[PDB]
Each structure stands twice: as C-alpha cells, then as structure tokens.
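The next block is protein_16.txt, given as compact mmCIF, C-alpha atoms and all ligand atoms.
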# COMPACT_ATOMS: atom_id res chain seq x y z
CA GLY C 14 92.23 78.98 100.57
CA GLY C 15 92.40 78.57 96.81
CA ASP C 16 94.28 77.19 93.78
CA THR C 17 97.41 79.36 94.01
CA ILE C 18 100.63 79.57 95.97
CA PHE C 19 98.81 81.83 98.45
CA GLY C 20 96.34 79.04 99.18
CA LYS C 21 99.29 76.81 100.03
CA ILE C 22 100.61 79.50 102.37
CA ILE C 23 97.20 79.79 104.10
CA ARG C 24 97.07 76.00 104.55
CA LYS C 25 100.65 76.10 105.96
CA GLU C 26 101.79 73.68 103.24
CA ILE C 27 104.72 75.93 102.32
CA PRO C 28 106.54 78.37 104.62
CA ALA C 29 106.14 82.13 104.81
CA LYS C 30 107.18 84.66 107.45
CA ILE C 31 103.77 85.24 109.03
CA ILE C 32 103.12 88.57 110.71
CA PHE C 33 99.48 88.19 111.77
CA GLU C 34 96.61 85.75 111.40
CA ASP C 35 92.97 85.64 112.41
CA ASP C 36 89.96 83.61 111.31
CA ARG C 37 89.56 85.43 108.00
CA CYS C 38 92.93 86.78 106.84
CA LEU C 39 96.69 86.29 106.91
CA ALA C 40 99.57 88.79 106.74
CA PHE C 41 103.07 87.72 105.75
CA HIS C 42 106.28 89.13 104.33
CA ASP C 43 106.62 89.18 100.55
CA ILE C 44 109.21 86.74 99.23
CA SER C 45 110.45 89.36 96.71
CA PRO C 46 110.38 92.59 98.74
CA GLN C 47 110.39 95.89 96.89
CA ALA C 48 111.05 98.01 100.00
CA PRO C 49 112.74 97.42 103.36
CA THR C 50 109.31 96.40 104.67
CA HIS C 51 107.04 94.73 102.13
CA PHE C 52 104.26 92.41 103.26
CA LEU C 53 100.92 91.12 101.99
CA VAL C 54 97.51 90.87 103.63
CA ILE C 55 95.25 88.24 102.03
CA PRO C 56 91.74 86.94 102.79
CA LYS C 57 91.36 83.28 103.59
CA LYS C 58 88.34 83.31 101.29
CA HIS C 59 89.58 82.65 97.75
CA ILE C 60 88.67 85.82 95.88
CA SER C 61 90.72 85.64 92.69
CA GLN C 62 90.92 89.39 92.03
CA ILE C 63 89.30 92.59 93.22
CA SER C 64 87.22 92.90 90.03
CA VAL C 65 85.15 89.86 91.12
CA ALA C 66 84.66 90.90 94.75
CA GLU C 67 81.01 91.06 95.81
CA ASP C 68 79.15 93.72 97.77
CA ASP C 69 78.98 91.34 100.75
CA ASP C 70 82.80 91.29 100.76
CA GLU C 71 83.04 94.98 101.65
CA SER C 72 83.80 94.56 105.35
CA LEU C 73 86.30 91.76 104.63
CA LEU C 74 88.17 94.02 102.22
CA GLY C 75 88.19 96.82 104.77
CA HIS C 76 89.43 94.30 107.33
CA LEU C 77 92.48 93.65 105.14
CA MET C 78 93.24 97.39 105.21
CA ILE C 79 92.76 97.68 108.97
CA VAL C 80 94.97 94.63 109.51
CA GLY C 81 97.45 96.18 107.07
CA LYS C 82 97.68 99.46 108.94
CA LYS C 83 97.96 97.70 112.32
CA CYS C 84 100.77 95.47 111.03
CA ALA C 85 102.53 98.50 109.55
CA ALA C 86 102.46 100.24 112.93
CA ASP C 87 103.77 97.09 114.64
CA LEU C 88 106.61 96.93 112.11
CA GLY C 89 107.65 100.52 112.86
CA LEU C 90 106.42 102.26 109.69
CA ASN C 91 105.93 105.59 111.46
CA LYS C 92 107.09 107.67 108.48
CA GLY C 93 104.40 106.24 106.18
CA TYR C 94 103.81 103.50 103.65
CA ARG C 95 101.86 102.63 100.52
CA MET C 96 99.05 100.12 100.10
CA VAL C 97 98.57 98.50 96.69
CA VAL C 98 96.05 96.13 95.09
CA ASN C 99 96.81 94.97 91.54
CA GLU C 100 94.09 93.85 89.14
CA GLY C 101 94.80 91.87 86.00
CA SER C 102 97.42 92.19 83.30
CA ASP C 103 97.65 95.97 83.17
CA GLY C 104 97.67 96.09 86.96
CA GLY C 105 100.62 93.73 87.11
CA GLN C 106 98.76 91.25 89.30
CA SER C 107 101.16 88.39 89.96
CA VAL C 108 98.95 85.93 91.91
CA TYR C 109 95.22 85.45 91.30
CA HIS C 110 94.27 85.61 94.97
CA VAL C 111 93.32 89.11 96.19
CA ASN C 112 96.30 90.52 98.08
CA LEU C 113 96.97 93.90 99.65
CA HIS C 114 100.60 94.99 99.42
CA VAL C 115 102.02 97.19 102.17
CA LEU C 116 105.38 98.80 101.37
CA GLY C 117 107.43 101.10 103.56
CA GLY C 118 110.77 101.90 105.08
CA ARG C 119 111.84 104.02 102.11
CA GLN C 120 110.47 106.93 100.14
CA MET C 121 107.81 105.69 97.73
CA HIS C 122 107.77 107.49 94.40
CA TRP C 123 105.19 108.90 92.00
CA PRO C 124 103.84 107.59 89.70
CA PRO C 125 103.15 104.29 91.58
CA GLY C 126 104.40 102.16 88.71
CA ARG N 12 81.96 120.73 108.43
CA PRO N 13 80.76 117.59 106.65
CA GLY N 14 83.74 116.42 104.63
CA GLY N 15 86.46 118.31 106.49
CA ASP N 16 88.73 121.24 105.72
CA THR N 17 90.87 119.85 102.88
CA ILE N 18 90.33 120.36 99.17
CA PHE N 19 88.50 117.03 99.15
CA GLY N 20 86.04 118.33 101.74
CA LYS N 21 85.30 121.28 99.46
CA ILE N 22 84.79 118.90 96.52
CA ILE N 23 82.34 116.84 98.61
CA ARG N 24 80.34 120.01 99.40
CA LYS N 25 80.38 121.15 95.73
CA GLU N 26 82.41 124.24 96.66
CA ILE N 27 85.17 123.29 94.21
CA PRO N 28 84.25 121.68 90.87
CA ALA N 29 85.31 118.12 90.14
CA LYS N 30 84.69 115.59 87.37
CA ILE N 31 82.51 113.18 89.32
CA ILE N 32 82.13 109.54 88.28
CA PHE N 33 80.04 108.17 91.15
CA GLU N 34 78.45 109.52 94.31
CA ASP N 35 76.52 107.88 97.15
CA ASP N 36 75.92 108.58 100.83
CA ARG N 37 79.32 107.19 101.89
CA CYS N 38 81.80 108.13 99.17
CA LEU N 39 82.63 110.06 96.02
CA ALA N 40 84.66 109.04 92.95
CA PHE N 41 86.16 111.71 90.68
CA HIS N 42 89.00 112.10 88.18
CA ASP N 43 92.47 113.15 89.31
CA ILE N 44 93.51 116.51 87.84
CA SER N 45 97.15 115.31 87.57
CA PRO N 46 96.66 111.87 86.00
CA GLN N 47 99.51 109.38 86.12
CA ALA N 48 97.78 106.94 83.76
CA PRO N 49 95.36 107.36 80.85
CA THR N 50 92.60 106.79 83.41
CA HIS N 51 93.31 107.96 86.95
CA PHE N 52 90.55 108.64 89.47
CA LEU N 53 90.10 108.84 93.24
CA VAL N 54 87.52 107.33 95.59
CA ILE N 55 87.15 109.17 98.89
CA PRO N 56 84.88 108.75 101.92
CA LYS N 57 82.46 111.55 102.63
CA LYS N 58 83.41 111.14 106.29
CA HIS N 59 86.72 112.87 106.92
CA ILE N 60 89.51 110.48 107.88
CA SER N 61 92.94 112.09 107.68
CA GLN N 62 94.93 109.00 106.70
CA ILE N 63 94.67 105.22 106.82
CA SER N 64 96.92 104.99 109.89
CA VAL N 65 94.24 106.68 112.05
CA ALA N 66 91.24 104.81 110.61
CA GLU N 67 89.07 103.21 113.28
CA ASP N 68 88.04 99.57 113.54
CA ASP N 69 84.45 100.69 112.82
CA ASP N 70 85.66 102.14 109.49
CA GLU N 71 86.13 98.64 108.01
CA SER N 72 82.94 98.60 105.94
CA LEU N 73 83.59 102.13 104.68
CA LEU N 74 87.14 101.32 103.59
CA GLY N 75 85.97 98.17 101.83
CA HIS N 76 83.22 100.21 100.17
CA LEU N 77 85.89 102.45 98.64
CA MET N 78 87.43 99.41 96.93
CA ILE N 79 84.07 98.03 95.76
CA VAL N 80 83.16 101.43 94.30
CA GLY N 81 86.67 101.62 92.84
CA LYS N 82 86.38 98.32 91.00
CA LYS N 83 82.83 99.08 89.80
CA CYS N 84 83.90 102.48 88.46
CA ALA N 85 86.89 100.86 86.76
CA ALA N 86 84.55 98.47 84.95
CA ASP N 87 82.18 101.31 84.03
CA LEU N 88 85.16 103.17 82.54
CA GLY N 89 86.18 100.14 80.48
CA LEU N 90 89.41 99.23 82.30
CA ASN N 91 88.97 95.63 81.17
CA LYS N 92 92.71 94.92 80.89
CA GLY N 93 93.23 95.73 84.57
CA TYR N 94 94.22 98.54 86.90
CA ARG N 95 96.06 99.35 90.12
CA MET N 96 94.59 100.64 93.39
CA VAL N 97 96.81 102.70 95.70
CA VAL N 98 96.43 104.26 99.14
CA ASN N 99 99.26 106.57 100.23
CA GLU N 100 100.04 107.02 103.93
CA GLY N 101 102.14 109.88 105.18
CA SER N 102 105.44 111.27 104.00
CA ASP N 103 107.10 108.02 102.87
CA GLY N 104 103.85 107.02 101.16
CA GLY N 105 103.69 110.23 99.13
CA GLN N 106 100.32 111.28 100.55
CA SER N 107 99.41 114.67 99.04
CA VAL N 108 96.02 115.39 100.69
CA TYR N 109 95.31 114.34 104.27
CA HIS N 110 91.90 112.90 103.55
CA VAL N 111 91.87 109.14 102.87
CA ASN N 112 91.75 108.57 99.12
CA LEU N 113 91.98 105.44 96.99
CA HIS N 114 93.70 105.95 93.63
CA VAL N 115 92.63 103.82 90.68
CA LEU N 116 95.00 103.86 87.68
CA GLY N 117 94.62 102.05 84.38
CA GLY N 118 94.70 102.25 80.61
CA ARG N 119 98.40 101.39 80.35
CA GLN N 120 100.73 98.71 81.62
CA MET N 121 101.60 99.44 85.25
CA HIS N 122 105.15 98.60 86.32
CA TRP N 123 106.78 97.03 89.35
CA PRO N 124 107.73 98.21 91.94
CA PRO N 125 104.70 100.47 92.50
CA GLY N 126 106.89 103.50 93.12
CL CL O 1 99.62 91.04 92.92
CL CL O 2 97.45 110.77 98.27
Any chance you could put this one into structure tokens?
Amino acid sequence: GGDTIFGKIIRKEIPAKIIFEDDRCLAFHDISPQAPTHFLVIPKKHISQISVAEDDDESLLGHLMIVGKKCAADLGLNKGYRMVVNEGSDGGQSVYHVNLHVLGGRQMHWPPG
Amino acid sequence: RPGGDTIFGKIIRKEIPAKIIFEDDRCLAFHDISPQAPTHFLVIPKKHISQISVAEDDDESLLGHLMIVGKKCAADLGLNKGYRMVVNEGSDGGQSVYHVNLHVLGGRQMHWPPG
C-alpha cells in the first residue's frame, strides 16, 4: 500500500512480526523498538502523512487507535502506554506512510521528545 | 454532567477559562498551560472518555476526528515544518488528566524516542 518500506510490509514482500491485520490496517512490531513493547499500526490506504489526511479518513484514523489499544491490551500493557503520530521534519517522521506508534512496558517520560 | 468531572469537563462547560483554538459539537482544541514545545495544544472530545484503553468501538469516528482537528489546527497555527501528536494512557503513559486528550507539539525539532 504505497511507495515506502511500509508498503512492502503490507504486500508481504519483506518480513515483519505481524500482530494484527484486517481489511484496512496492519499492526506489527517496530524493527527499532524504543520500549520493551513498541509496535506500529498503519492503514493499508497509502496516506503519506497525517497533514494530508482527508475528512473522509476520520473513521479509518480512529480505527488505527482502536486497533492500537486492543493490541496493547493483548500484549499485556496493563500499566499504560503512549501513542504517537509524527508529522514531517520537526515531528521526526521516519517513513512517509501514516503510522501510529504504540510504546509501553516502561515508564514513558515528559516531554515526549 | 456534559463533559465529565475533570478539569477538562469544566473547560468544556466554560467554568474554567482556556485559550481555545477550535470548537465544534464533538471536540475542543485549546493551548496547554505547561507547554513542552513552542506550540503545544490539546484536542479533547466533548464526550467524556476516561482514557483510550476504555474507548468503545463506536468511538472510532470521534477519535479520528480528534486527529483531523489536530492536523487542521496545526496548519492554522503555522506548524509547516511538522509536529508530533501524542496520546498518553495510564501511569506508564504519563497520563495527567483522565479525559482522553490528544497533544499536538511543534515549533521545534522533536527528538526520538518520544519520551
Ligand atoms: Cl514515523
Ligand atoms: Cl495526558
């Protein structure tokens, strides 16, 4: 679903440790985890970044968050976690395919970067 | 009460002043009083949800609406170089108010990891 490494993951062309899939999104462990649990939830629709998401995408974006919180519960994150979406250079976005980070299993600190 | 018992419920009902950026029937965006970036605001639902871990399946559109309002407000505030959106869940997430709230931070380089 797109012209990035995450499109290749969606198409199963390169491996990832997949946590959950449905017809419109995919959740998988981050290859460079920043916490004991660190996974991504991505749409299969290639939205390059949250700044270009459309109004009609609202329920899809909320679906990523609902999938994210369900996966976090399944992975035992009962003490809490942090969800992150990066936009652009200042946001530290590393792949131009919208992706929701879910980090847990340790105390997350403030500020969030 | 509409909006709940937390400080964010009082902000929704105009009982406590806030610096409001955007308001509609489903959510409210306002500046954080303890900013962690040159621009730092929150987007909250007007419906009280204590935390993301108890959000219902039917809350999908509302949660997505928070991010759409977040990115529109970021553009209106001139965060053209980018920004970071954050939702904190629970103790390990650093959640400070138990009313779902999306943080939007920008105006400086954000670092990795995100806390
Ligand atoms: Cl990213
Ligand atoms: Cl919070």
Quiz item: Could you list, as JSON, numbers by chain, all the residues within 12 Å of ligand CL 1 (chain O), counting all atoms listed in the file?
Solution: {"C": [17, 18, 19, 43, 45, 52, 53, 54, 55, 61, 62, 63, 96, 97, 98, 99, 100, 101, 102, 103, 104, 105, 106, 107, 108, 109, 110, 111, 112, 113, 114, 115], "N": [93, 94, 95, 96, 121, 122, 123, 124, 125]}
Exercise. Please determine the contact residues of chain N with respect to chain C at a cut-off of 9 Å, counting only C-alpha atoms, and supply them as a ChimeraX atom specification.
Key: /N:47-48,63-68,70-79,82-83,85-86,90-106,116-126
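Closest to residue 80 of chain N among N:51, N:57, N:33, N:107 is N:33, based on only C-alpha atoms.
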Quiz item: So how far away is atom CA of residue 56 of chain C from atom CA of residue 32 of chain C, in Å?
Solution: 14.0 Å
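Using all atoms listed in the file, the nearest neighbour of ligand CL 2 (chain O) within the list N:18, N:13, N:84, N:23 is N:18.
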Quiz item: atom CA of residue 37 of chain N and atom CA of residue 56 of chain N are how many Å apart?
Solution: 5.8 Å
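Excluding segment 27-32 of chain N and any residue on its chain fewer than 4 positions from it, the residues at most 8 Å away by all atoms listed in the file are residues 18, 21, 22, 39, 40, 41, 42 and 84 of chain N.
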